[PDB]
Amino acid sequence: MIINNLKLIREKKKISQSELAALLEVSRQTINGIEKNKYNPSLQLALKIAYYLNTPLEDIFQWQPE
Numbered sequence: 001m002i003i004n005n006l007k008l009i010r011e012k013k014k015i016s017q018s019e020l021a022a023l024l025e026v027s028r029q030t031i032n033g034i035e036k037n038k039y040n041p042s043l044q045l046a047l048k049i050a051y052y053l054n055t056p057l058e059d060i061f062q063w064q065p066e
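The opening residue of the sequence shown carries number 1 in full-length UniProt numbering; numbering runs sequentially from there.
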């Protein structure tokens, strides 16, 4: 039903828009893909933020078909 997500990590990190905007050193419009990327964010989507976030993708990776 639900799986771990970097945005949830953001929630865990308690990072607000100003801070997220700080994270957003990558094209935000890429997120706009969420229209169709509403799935758990792709690694490319995840990596850009995950790069900044103190959280390995490996641990983060949700190998869930859902």
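In this text, a Cβ means the ideal position worked out from N, Cα and C, and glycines have one as well.
Check: Can the beta-carbon of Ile15 be found closer than 8 Å to that of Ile60?
Finding: Your numbering for residue 15 matches position 15 in the sequence shown. Your numbering for residue 60 matches position 60 in the sequence shown. Not closer than 8 Å, so no.
Margin query: Between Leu57 and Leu43, how many whole angstroms is the CB-CB distance? I'm expecting something under 8 Å.
Written below: For the purposes of this step, residue 57 is taken as residue 57 along the sequence shown, with counting starting at 1. For the purposes of this step, residue 43 is taken as residue 43 along the sequence shown, with counting starting at 1. 7 Å between Cβ atoms; contact.
Next item on the list: Give every residue of the same chain whose Cβ lies closer than 7 Å to the Cβ of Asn37, excluding the five residues on either side of it in the sequence, and list them in chain order.
Entry: Here residue 37 corresponds to residue number 37 of the sequence shown, with the count starting at 1. Here the set comprises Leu45.
Next item on the list: Would you give the residue range spanned by the alpha helix (DSSP H) that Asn37 belongs to?
Entry: Your numbering for residue 37 matches position 37 in the sequence shown. Unbroken alpha helix (DSSP H) run through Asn37: 34-37.
Item checked: Completely contained beta strand (DSSP E) runs for the UniProt domain "HTH cro/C1-type" (6-60), where each covers 3 or more residues -> none
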